[PDB]
Amino acid sequence: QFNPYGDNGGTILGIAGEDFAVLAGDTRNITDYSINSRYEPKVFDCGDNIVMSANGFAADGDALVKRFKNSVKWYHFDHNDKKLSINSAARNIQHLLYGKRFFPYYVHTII
Amino acid sequence: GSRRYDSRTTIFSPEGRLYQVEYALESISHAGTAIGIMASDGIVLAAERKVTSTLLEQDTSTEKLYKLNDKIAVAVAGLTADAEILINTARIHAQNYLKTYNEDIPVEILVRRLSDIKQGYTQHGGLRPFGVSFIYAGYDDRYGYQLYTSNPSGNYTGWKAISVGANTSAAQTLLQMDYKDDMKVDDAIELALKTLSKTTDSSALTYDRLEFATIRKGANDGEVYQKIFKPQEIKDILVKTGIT
Amino acid sequence: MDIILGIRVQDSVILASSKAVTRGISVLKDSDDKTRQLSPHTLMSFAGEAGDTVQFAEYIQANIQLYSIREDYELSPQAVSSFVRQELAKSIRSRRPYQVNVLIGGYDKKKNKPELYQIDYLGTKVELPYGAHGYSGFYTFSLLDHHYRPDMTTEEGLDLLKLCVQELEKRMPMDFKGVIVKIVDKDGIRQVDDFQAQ
Amino acid sequence: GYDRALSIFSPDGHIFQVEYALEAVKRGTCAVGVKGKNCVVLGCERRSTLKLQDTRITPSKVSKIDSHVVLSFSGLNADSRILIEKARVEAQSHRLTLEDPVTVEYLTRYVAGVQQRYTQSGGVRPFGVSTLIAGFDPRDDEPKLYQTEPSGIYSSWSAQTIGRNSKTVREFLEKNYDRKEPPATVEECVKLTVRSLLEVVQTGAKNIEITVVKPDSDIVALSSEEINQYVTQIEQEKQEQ
Amino acid sequence: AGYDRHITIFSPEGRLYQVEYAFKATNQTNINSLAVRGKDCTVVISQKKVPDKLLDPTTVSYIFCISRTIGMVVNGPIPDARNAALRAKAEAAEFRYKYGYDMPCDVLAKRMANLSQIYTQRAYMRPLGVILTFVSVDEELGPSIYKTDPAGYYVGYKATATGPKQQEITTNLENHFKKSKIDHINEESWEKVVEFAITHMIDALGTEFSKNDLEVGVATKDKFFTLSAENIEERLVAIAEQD
Amino acid sequence: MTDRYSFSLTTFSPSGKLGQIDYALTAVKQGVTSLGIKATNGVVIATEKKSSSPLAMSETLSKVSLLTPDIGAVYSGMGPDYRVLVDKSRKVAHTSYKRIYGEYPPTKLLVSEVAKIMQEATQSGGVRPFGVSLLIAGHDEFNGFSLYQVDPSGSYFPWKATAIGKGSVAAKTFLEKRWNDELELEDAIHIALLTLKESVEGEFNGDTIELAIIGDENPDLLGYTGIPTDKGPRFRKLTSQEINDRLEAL
Amino acid sequence: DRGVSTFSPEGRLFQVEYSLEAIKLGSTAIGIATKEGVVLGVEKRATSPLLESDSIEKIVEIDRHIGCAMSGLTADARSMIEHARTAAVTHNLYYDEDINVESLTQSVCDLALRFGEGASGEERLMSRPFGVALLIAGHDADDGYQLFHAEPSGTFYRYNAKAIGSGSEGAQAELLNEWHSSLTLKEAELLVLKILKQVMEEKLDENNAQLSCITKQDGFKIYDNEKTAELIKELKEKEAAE
Amino acid sequence: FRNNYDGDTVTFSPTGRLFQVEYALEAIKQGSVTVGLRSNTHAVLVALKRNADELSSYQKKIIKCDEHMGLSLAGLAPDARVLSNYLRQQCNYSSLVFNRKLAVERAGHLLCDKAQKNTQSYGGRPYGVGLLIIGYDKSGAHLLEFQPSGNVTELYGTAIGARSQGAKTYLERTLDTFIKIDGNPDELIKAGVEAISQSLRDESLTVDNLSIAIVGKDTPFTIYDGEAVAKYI
Amino acid sequence: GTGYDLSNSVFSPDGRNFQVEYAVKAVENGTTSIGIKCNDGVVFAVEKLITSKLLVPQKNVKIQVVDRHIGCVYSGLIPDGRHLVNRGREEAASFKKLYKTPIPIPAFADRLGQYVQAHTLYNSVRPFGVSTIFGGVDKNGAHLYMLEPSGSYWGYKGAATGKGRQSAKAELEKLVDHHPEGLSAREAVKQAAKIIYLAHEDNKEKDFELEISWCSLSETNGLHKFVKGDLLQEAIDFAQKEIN
């Protein structure tokens, strides 16, 4: 049968400092035993001083990241250029994620 | 556009009246007179037929008295077709109540439901109302003998004796004259007939021009019997009364 | 399963229903009332799947209460039951059938006689001297088939229920935590506050 | 399909159909409700287009929405049926989900909103009805009287009336009801309600029907006679002079 | 009220004005057509009027090929005629698919009639200002001609004509038939029946024709076709050596 | 786009009349005469074939239609309106009856069905009443023979005999004298022929008269043999020849 | 007749203008916005002395940080407030923060022009414009205290102060004069109270005028009769001088 | 006359006019003034904002649609919202589905098609607002003018709103000059301001009064209001 | 009585559809554009009125392609025309998807006709305020077509519409009379430039921008392409020359 999911490996790590925070991730992308790419970034700058990575099934991670950046775009539009605080970005993501609770985004995300 | 040809059948006059309803009532007043008289051991429904001829077959005819279920019947005043539509649906709501609760439907519930269907055409949809008025004669374990009436405005009320159609004021006045709380079926029939006799827009009240019905709870039985009088029997009941 | 027994005496109907709600490895509550008053002379007892149970009960309650007000009248027990049956029989062919079993014990004020109806989640209805749902019936029906008499008093019926409960506490594997008894008669519905020790 | 805007604005800022619905209200029998110190009474006059009625069956003017709330109206009888049923259901629904019967206010706000809604939805004409809804909030003893109109507006009253000649009887209430001492008893409240009704009902025992609502689901309709007693004693608080 | 002359509702005399006007519309084009049945064919002639020199004369026709067997000629404006053509094609196809045989002329006619009847009864549908003459050599009935109008009427004819000078042609035609006493041109080749067709349209319209003034369509067993200017001319010649 | 005509096109006038309905009755009045006489052992319905040109082919137009094998209908008013009513009436006889009870519907019920449709055209949003009146004649094992008339309002009534359209009144009057309850079909046919003659302005023969009957069972018209319950259709359309033979006995 | 979304030859939507008229007959509502809060005061306007004045809701809370006063056919405002509330709560749910007042306001005005009879633009399911106008006042961290006037046309403006209802032109004019950057919450309460007094037919007292304010510290507070009465008294004295 | 054929957008007058659309166009002429003008490297929008009282805000007339597009409105604001929102969505779709910045020319084509539906459909209503659209894309700077009739035109510059004709003529002369203001943002703005001043009468353009927007080569569509337009008077 | 012109689907007593005809007027009040069919293709050209110098030159294109082998030009309410092209496009695609081969011109035309004719069938829509000249090259020849608001269309040797319509057709009639042989697409391009130029005289007030486009079996491969540069000037020149 068609299996809508896959695993593209990778690993990401995030650390919050006093006046900074980092979000690191490896750059390899695989499939089963083959290396798809030695350089395919998965940690992105989403504007408003917010970096995010959704690691797992790249298709899903990509879709997720796309939908969020866009959510940031519209937050500006609908709420007169206000900057999306991280706490707010978080909760927003909860909703993005939970919207697919019955056909999940097979990813573990961090911002 | 399309609005151009819309009559707005459910609007209010500056006087807070519903045109289409008022105008439907008027239509009804040109219809054959129907009467319902409630006794202490029965109910009589009698109606005067409109549109007659030497050739019209009265035997296999029923244009004014209809059976809704074994314990309830209605007399109609208005468009016979609009009538049948409401009847067929009332008959159904009766059977639904039955299936759902395994008890025959209380007369008033059936009535109220029908009145609610009419009130609809009064408040939404943009369609003409039904030019019909009903006199329901029915029996039930909670109130026994009942007589109600409904018209195009979807309003209903209960009666000891009543009439609908042409000459209501005349007939009503005659009924208020000779009716008394402790009447009896054989007497109400007479009254019913007399009343028709003096409101008829014709020469003489003949059998072929009548439809008669009674709902009696005979003592030697228990089940409420509904008897829709057959032509020969109208002729008979008519001679007895003396109209001949 | 939980226990739902009902026995129709001469002038009343007594429903007995277990006080326990267990989920998995723990008894969460020992005082549940697996019953809802449909109308002043009609009580319904229920048991089955976790949520469907109360949900179906309260829904039927609402509908019967509404009718009571719209007509300022109380539907006969027989009526209430036929209603319940049809709700069930319609449910059995829905996407997610209510998996609930009910006993309806009501006093018919018009006929002046107590009645008891047993209806299963499939909308299978029957009128009976005594009934039960679950495994309880497997013991009680024979017990009752033997000790039951049509002309018993409310008190005699209660004692009969007592026997039933005892047999059940003796032979059933689950500790159902006792029962709550309720009598439906001409003057209404009352709960026997004294059954844990009578 | 039928979605014609019937309630719409006219050059002066009026919604005719709404206003014309008020007229149908004025054309309906009077209804009064006055609240005492431990009760609320609702009286209504009786129609007269034809007579030889069966008093037993005909749907009276006061209806129970729930065991503790009543609603009387003035207007299109048929139109009122719809509001009642809709109100009753919500009365049940509210019980089912909040596990508490509605407050008179809630019930009022509900019925009210249904009316407003019909004044701005396509394909429908406003309700030709105004209502008096009274009773007591669950577990409270302070009487509640509210009134609603076809516009959808609502609010409460110490005493109030609607229907034909309500302008006349309102005056009687305005003069005879003191907010410092509302009819401190079921009796005097009934009386004051009858007195008021009399001023316009025009001496007719069988022309009046009164209902009293007390706390905790105690709602009682007076007998044709008990009222007649009120009419009698009342004609004396006018004759002894 | 006074709007009973905009939408298809009855007027106090019991008439549908919009239907009436629709009939007047059929004449807007000023073309006349006729159809006659041979012993085993059916011909319909319709004038062809190409005013403008800037048009491509071959794209002008009020004759349509509905199915391998049915031919239809319209008397009315083109946008309504084409709208009726398409549907008649859609319908004849659907019938073949669902019933396993070719839709006959009369049934196609009847079906086309019924839709018209509908515009006659529903406010939102304006009738089509066109008259449709369907012809074919039905496998069961023989040469056939069925015509329908905006009122929803349809019927079969021994021969027919339609257009501004309907009455003149009809009368000439009726006469020919009273003379013969039969119901069809007693001729073997469709070529000849086409001749009679033109011949009598001439005798009745009091006019002579050039090849680009006519449109001819024939229907034989298992086929309906429109004639070419040259086939038409072969005819025009044949008659101009008879008359 | 879309049928936004969702309101009634037939409403009530201040005099209580339903304009569109009265108007449809006028249209009926302008229509050719059609009648139906009921016998003790049959029923006949007939009408005139108003050949609208001698070029047209009369036979290719049935004004008299078989609804079921024991029921027929004829009309007066707007033919198209009729034709579509036959289609529907023929369909409903199946969908609301033969597909549920395995037997054809009885006259009054079928009539009842037809009538309901007509009523709808009197109240449904966006339509105009039908401009026809029909005479439906049939027979059914339990009611014997019948004859019904259905008006654009949707009202129907049974008749011993009647006529509708143009020469209605005169015809109604002619029937009232000739009719009686001991008429054998042949005699009613005859009477129908006479009655029809007086309305008919010009030619009168089997090529201009469409007369049909509902009588005895006709097995030769069944199309098959071997089943002793289906005895044959009772409706028969008279042939031109059969009409003439009775015409030549005026 | 003609449709409900028809443009006059002057380029305006009839039904909109007409509703704006109906709005002119409403009880006055005044709101003034200062660096210490926003006041919203309204005139109850009892149509009879038997009506229980406190049962007049013309100033509502949308959220702890947003309040609102209406003027016009007040029954039409119910669905608007609801939408306003849901809009704010929902925002808190999806973003864990307060909705900006502009944003809340803008959400309410999106309803405005959604009236029609099959207007090929979206699915406009409302038969006629709202016959009411709102004064929306609140506070957010980004743009401080704000007052907005929302009309049934879909437009809304921000005002340092504004009056709507019957006495609008007069009151507006007065406001215009009295208002200034460095006003104080109490001064504002007064002006509203004063200006209300002026345009009010009956004599302003605690049972017919209602005041309310919204401040960062305590949020939307509808002044209780006793507090307002004290202010009314504080006014008779301020006016009873010069 | 008129009174019979102006009832809706589905009726043509006997001259071939659409009055509802025409009436729509009038609300634009009633609106405040705004001007657009582009060089070969930037496109600016200067619009006069209009207050209601001396106690109110000056209605915002410019809206950013994407990082590369935006517009100034004249007329019925709601309709502006509805339309810009649509322009926002179509810009979003191009980015998301094609990773392509939407062509102003195409944005234009899309707006026209949207308005047109409300000018041939029953019960609907034309939009009542005109729009000046500017943007920088794969083919340089652009300025588009949109009218409720459905007509959209690309111009070197233009103006709309009350008294627009002043600036519209001004630019018509000033053309040869401004179209050459390449690589100098502030100047084009100035040119814009001058132009906008050609349609004034009321009072001189101030802080709360002015609204300017600029888009270009290395400049994302940015909105300048009040405190920041001071240097441009 | 009157009023037969307030609704789009209403037939007048003379059997005309007034709204369709008022539509035509909106057309006549518009720019001219023509189409000249030739020996193996068709050419289209339209006058483009220069409302102001503010207009950016050669940018507000008006001719439109459907698919890759069809040109469409119309005069009138521009948007109505665009609407008509969007459907054309959609209908072209639908045809290709199901049949693979690109839509034949006759077929394309009829698809257009039918959609336009449809806009004269209901009173909830107004007809189109444009006449469209379109055509291209297919499996068997070049095809030029013009469609009117009534949905009427036919095949043309040449065609024109808009204000300059008459002078245009005059010129066109000249061409058809003088060159019965046909015209090379090269020539037609010139001729079109002329006809437009002449036709501008019926509106000699405002200056204009010429716009041509062609589809030729040997010059553009059967694909629609616009005329730009070298080939454009040649025609503008040949035009300004014979204007005197």
# chains A, B, ... in the order shown; residues from 1 in each chain; ligands from 1

call {"tool": "select_by_dssp", "arguments": {"residues": "segment 4-60 of chain B", "states": "alpha helix (DSSP H)", "output": "number ranges by chain"}}
result
B: 19-28

call {"tool": "closest_atom_pairs", "arguments": {"of": "chain H", "to": "chain A", "cutoff": "12 Å", "atoms": "only C-alpha atoms", "output": "JSON lines"}}
result
{"residue": "H:60", "atom": "CA", "partner": "A:80", "partner_atom": "CA", "distance": 11.6}
{"residue": "H:63", "atom": "CA", "partner": "A:77", "partner_atom": "CA", "distance": 9.2}
{"residue": "H:64", "atom": "CA", "partner": "A:77", "partner_atom": "CA", "distance": 8.2}
{"residue": "H:65", "atom": "CA", "partner": "A:77", "partner_atom": "CA", "distance": 8.5}
{"residue": "H:66", "atom": "CA", "partner": "A:73", "partner_atom": "CA", "distance": 9.2}
{"residue": "H:67", "atom": "CA", "partner": "A:73", "partner_atom": "CA", "distance": 10.1}
{"residue": "H:81", "atom": "CA", "partner": "A:78", "partner_atom": "CA", "distance": 11.0}
{"residue": "H:84", "atom": "CA", "partner": "A:77", "partner_atom": "CA", "distance": 10.8}
{"residue": "H:85", "atom": "CA", "partner": "A:77", "partner_atom": "CA", "distance": 9.3}
{"residue": "H:88", "atom": "CA", "partner": "A:77", "partner_atom": "CA", "distance": 9.1}
{"residue": "H:89", "atom": "CA", "partner": "A:74", "partner_atom": "CA", "distance": 10.1}
{"residue": "H:91", "atom": "CA", "partner": "A:73", "partner_atom": "CA", "distance": 11.8}
{"residue": "H:92", "atom": "CA", "partner": "A:70", "partner_atom": "CA", "distance": 8.4}
{"residue": "H:93", "atom": "CA", "partner": "A:70", "partner_atom": "CA", "distance": 10.7}
{"residue": "H:95", "atom": "CA", "partner": "A:70", "partner_atom": "CA", "distance": 10.2}
{"residue": "H:96", "atom": "CA", "partner": "A:66", "partner_atom": "CA", "distance": 8.1}
{"residue": "H:97", "atom": "CA", "partner": "A:66", "partner_atom": "CA", "distance": 11.0}
{"residue": "H:99", "atom": "CA", "partner": "A:66", "partner_atom": "CA", "distance": 11.5}
{"residue": "H:222", "atom": "CA", "partner": "A:81", "partner_atom": "CA", "distance": 11.4}
{"residue": "H:223", "atom": "CA", "partner": "A:81", "partner_atom": "CA", "distance": 10.8}

call {"tool": "select_by_dssp", "arguments": {"residues": "segment 42-215 of chain E", "states": "strand (DSSP E or B)", "output": "ChimeraX atom specification"}}
result
/E:42-47,55,63-65,71-75,122,131-138,142-148,154-157,159-162,214-215

call {"tool": "write_last_selection", "arguments": {"atoms": "C-alpha atoms", "output": "compact mmCIF listing (two decimals), in the first residue's frame"}}
result
# COMPACT_ATOMS: atom_id res chain seq x y z
CA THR E 42 -36.99 13.78 -47.56
CA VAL E 43 -35.86 17.11 -48.90
CA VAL E 44 -35.90 20.46 -47.26
CA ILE E 45 -35.05 23.63 -49.06
CA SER E 46 -34.35 26.82 -47.36
CA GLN E 47 -33.35 30.04 -48.98
CA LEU E 55 -18.56 37.13 -45.12
CA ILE E 63 -29.61 23.67 -41.89
CA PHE E 64 -27.90 21.42 -39.38
CA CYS E 65 -26.66 17.85 -39.37
CA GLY E 71 -31.47 16.65 -40.41
CA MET E 72 -32.88 19.83 -38.98
CA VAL E 73 -33.52 23.29 -40.47
CA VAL E 74 -34.20 26.30 -38.31
CA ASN E 75 -36.31 29.35 -39.07
CA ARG E 122 -41.22 28.58 -16.02
CA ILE E 131 -39.18 26.77 -35.36
CA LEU E 132 -37.43 23.45 -36.01
CA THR E 133 -38.19 21.15 -38.91
CA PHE E 134 -36.67 17.72 -38.40
CA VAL E 135 -36.48 15.40 -41.35
CA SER E 136 -35.22 11.88 -41.97
CA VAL E 137 -36.13 8.51 -43.48
CA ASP E 138 -36.91 6.71 -40.22
CA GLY E 142 -40.39 6.20 -43.77
CA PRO E 143 -39.59 9.72 -44.99
CA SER E 144 -40.58 12.05 -42.19
CA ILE E 145 -40.86 15.75 -41.37
CA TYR E 146 -41.74 16.88 -37.86
CA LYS E 147 -41.74 20.49 -36.87
CA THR E 148 -41.88 22.18 -33.50
CA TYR E 154 -44.89 19.62 -32.77
CA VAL E 155 -46.38 17.41 -35.44
CA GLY E 156 -45.74 15.52 -38.64
CA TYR E 157 -46.46 16.69 -42.15
CA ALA E 159 -44.90 18.45 -46.64
CA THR E 160 -44.47 21.78 -44.91
CA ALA E 161 -43.04 25.21 -45.25
CA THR E 162 -42.13 27.88 -42.83
CA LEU E 214 -30.61 28.08 -51.79
CA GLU E 215 -29.65 25.56 -49.16

call {"tool": "interface_residues", "arguments": {"of": "chain D", "to": "chain B", "cutoff": "7 Å", "atoms": "only C-alpha atoms", "output": "ChimeraX atom specification"}}
result
/D:2,17,20-21,23-24,52-54,57-58,77-78,123-125

call {"tool": "write_last_selection", "arguments": {"atoms": "N, CA and C atoms", "output": "JSON list (two decimals), in the first residue's frame"}}
result
[["chain", "number", "residue", "atom", "x", "y", "z"],
["D", 2, "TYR", "N", -35.72, 31.24, -1.49],
["D", 2, "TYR", "CA", -36.36, 32.51, -1.24],
["D", 2, "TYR", "C", -35.60, 33.34, -0.22],
["D", 17, "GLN", "N", -41.45, 46.84, 8.02],
["D", 17, "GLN", "CA", -41.99, 45.56, 8.46],
["D", 17, "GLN", "C", -41.87, 45.33, 9.95],
["D", 20, "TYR", "N", -44.57, 47.75, 11.35],
["D", 20, "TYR", "CA", -45.90, 47.20, 11.07],
["D", 20, "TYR", "C", -46.18, 45.99, 11.95],
["D", 21, "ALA", "N", -45.14, 45.29, 12.38],
["D", 21, "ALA", "CA", -45.33, 44.15, 13.28],
["D", 21, "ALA", "C", -45.79, 44.69, 14.65],
["D", 23, "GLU", "N", -47.70, 47.09, 15.10],
["D", 23, "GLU", "CA", -49.14, 47.35, 14.96],
["D", 23, "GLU", "C", -49.95, 46.10, 15.24],
["D", 24, "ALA", "N", -49.55, 44.99, 14.63],
["D", 24, "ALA", "CA", -50.26, 43.75, 14.86],
["D", 24, "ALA", "C", -50.23, 43.46, 16.36],
["D", 52, "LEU", "N", -68.88, 31.16, 21.57],
["D", 52, "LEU", "CA", -69.60, 29.88, 21.69],
["D", 52, "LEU", "C", -68.46, 28.85, 21.80],
["D", 53, "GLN", "N", -67.35, 29.35, 22.33],
["D", 53, "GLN", "CA", -66.11, 28.63, 22.50],
["D", 53, "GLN", "C", -66.13, 27.54, 23.55],
["D", 54, "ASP", "N", -65.14, 26.67, 23.45],
["D", 54, "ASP", "CA", -64.96, 25.59, 24.38],
["D", 54, "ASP", "C", -63.77, 26.00, 25.27],
["D", 57, "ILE", "N", -60.36, 23.64, 26.16],
["D", 57, "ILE", "CA", -59.23, 23.37, 25.28],
["D", 57, "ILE", "C", -58.38, 24.51, 24.70],
["D", 58, "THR", "N", -59.04, 25.56, 24.20],
["D", 58, "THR", "CA", -58.33, 26.69, 23.58],
["D", 58, "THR", "C", -57.08, 27.15, 24.33],
["D", 77, "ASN", "N", -51.41, 35.21, 17.15],
["D", 77, "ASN", "CA", -51.40, 34.03, 17.99],
["D", 77, "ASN", "C", -50.47, 33.03, 17.38],
["D", 78, "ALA", "N", -50.67, 32.73, 16.10],
["D", 78, "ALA", "CA", -49.83, 31.75, 15.45],
["D", 78, "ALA", "C", -48.36, 32.12, 15.59],
["D", 123, "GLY", "N", -36.10, 36.45, 3.21],
["D", 123, "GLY", "CA", -37.23, 35.57, 3.07],
["D", 123, "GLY", "C", -38.20, 35.53, 4.22],
["D", 124, "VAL", "N", -38.00, 36.33, 5.26],
["D", 124, "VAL", "CA", -38.93, 36.28, 6.38],
["D", 124, "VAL", "C", -39.42, 37.62, 6.88],
["D", 125, "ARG", "N", -40.61, 37.61, 7.47],
["D", 125, "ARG", "CA", -41.20, 38.83, 8.01],
["D", 125, "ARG", "C", -41.02, 38.74, 9.50]]

call {"tool": "atom_distance", "arguments": {"atom1": "atom CA of residue 127 of chain G", "atom2": "atom CA of residue 7 of chain D"}}
result
7.3 Å

call {"tool": "interface_residues", "arguments": {"of": "chain G", "to": "chain B", "cutoff": "10 Å", "atoms": "only C-alpha atoms", "output": "list in words"}}
result
residues 1, 2, 3 and 117 of chain G

call {"tool": "residues_around", "arguments": {"residues": "residue 82 of chain A", "least_positions_apart": "4", "cutoff": "8 Å", "atoms": "only C-alpha atoms", "output": "MDAnalysis selection string"}}
result
(chainID A and resid 75:76) or (chainID G and resid 142)

call {"tool": "residues_around", "arguments": {"residues": "residue 195 of chain I", "least_positions_apart": "3", "cutoff": "7 Å", "atoms": "only C-alpha atoms", "output": "PDB file with N, CA and C atoms, in the first residue's frame"}}
result
ATOM      1  N   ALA I 168     -13.762  51.123 -42.193  1.00  0.00           N
ATOM      2  CA  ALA I 168     -13.005  49.886 -42.133  1.00  0.00           C
ATOM      3  C   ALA I 168     -13.584  48.875 -43.118  1.00  0.00           C
ATOM      4  N   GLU I 171     -12.899  49.831 -46.669  1.00  0.00           N
ATOM      5  CA  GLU I 171     -11.575  49.420 -47.085  1.00  0.00           C
ATOM      6  C   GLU I 171     -11.560  47.931 -47.314  1.00  0.00           C
ATOM      7  N   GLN I 191      -2.003  46.225 -44.871  1.00  0.00           N
ATOM      8  CA  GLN I 191      -3.380  46.588 -45.102  1.00  0.00           C
ATOM      9  C   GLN I 191      -4.136  46.822 -43.819  1.00  0.00           C
ATOM     10  N   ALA I 192      -3.919  45.973 -42.831  1.00  0.00           N
ATOM     11  CA  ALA I 192      -4.579  46.135 -41.551  1.00  0.00           C
ATOM     12  C   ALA I 192      -4.156  47.480 -40.956  1.00  0.00           C
ATOM     13  N   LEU I 198      -7.036  54.610 -41.432  1.00  0.00           N
ATOM     14  CA  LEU I 198      -8.175  55.262 -42.040  1.00  0.00           C
ATOM     15  C   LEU I 198      -9.279  55.306 -41.008  1.00  0.00           C
ATOM     16  N   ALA I 199      -9.598  54.149 -40.453  1.00  0.00           N
ATOM     17  CA  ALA I 199     -10.648  54.045 -39.468  1.00  0.00           C
ATOM     18  C   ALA I 199     -10.440  54.962 -38.284  1.00  0.00           C
TER      19      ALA I 199
END

call {"tool": "closest_residue", "arguments": {"among": "F:203, F:70, F:48, F:81", "to": "chain E", "atoms": "only C-alpha atoms"}}
result
F:81

call {"tool": "closest_atom_pairs", "arguments": {"of": "chain H", "to": "chain I", "cutoff": "7 Å", "atoms": "only C-alpha atoms", "output": "tab-separated table"}}
result
residue	atom	partner	partner_atom	distance
H:5	CA	I:6	CA	6.8
H:10	CA	I:126	CA	4.9
H:11	CA	I:126	CA	6.3
H:12	CA	I:22	CA	6.1
H:13	CA	I:22	CA	6.6
H:14	CA	I:22	CA	5.2
H:15	CA	I:25	CA	6.0
H:16	CA	I:26	CA	4.1
H:17	CA	I:26	CA	6.5
H:112	CA	I:79	CA	6.9
H:113	CA	I:79	CA	7.0
H:116	CA	I:79	CA	6.2
H:120	CA	I:126	CA	5.7
H:121	CA	I:125	CA	5.6
H:122	CA	I:124	CA	5.3
H:150	CA	I:79	CA	5.9
H:151	CA	I:79	CA	6.8
H:153	CA	I:60	CA	6.5
H:154	CA	I:56	CA	6.4
H:155	CA	I:55	CA	4.3
H:156	CA	I:54	CA	5.3
H:157	CA	I:54	CA	6.0
H:172	CA	I:54	CA	5.8

call {"tool": "residues_around", "arguments": {"residues": "segment 136-144 of chain D", "least_positions_apart": "5", "cutoff": "6 Å", "atoms": "only C-alpha atoms", "output": "list in words"}}
result
residues 39, 103, 104 and 215 of chain D

call {"tool": "interface_residues", "arguments": {"of": "chain H", "to": "chain G", "cutoff": "10 Å", "atoms": "only C-alpha atoms", "output": "PyMOL selection string"}}
result
chain H and resi 2-3+6-9+19-30+51-60+75-79+81-82+114-115+117-128
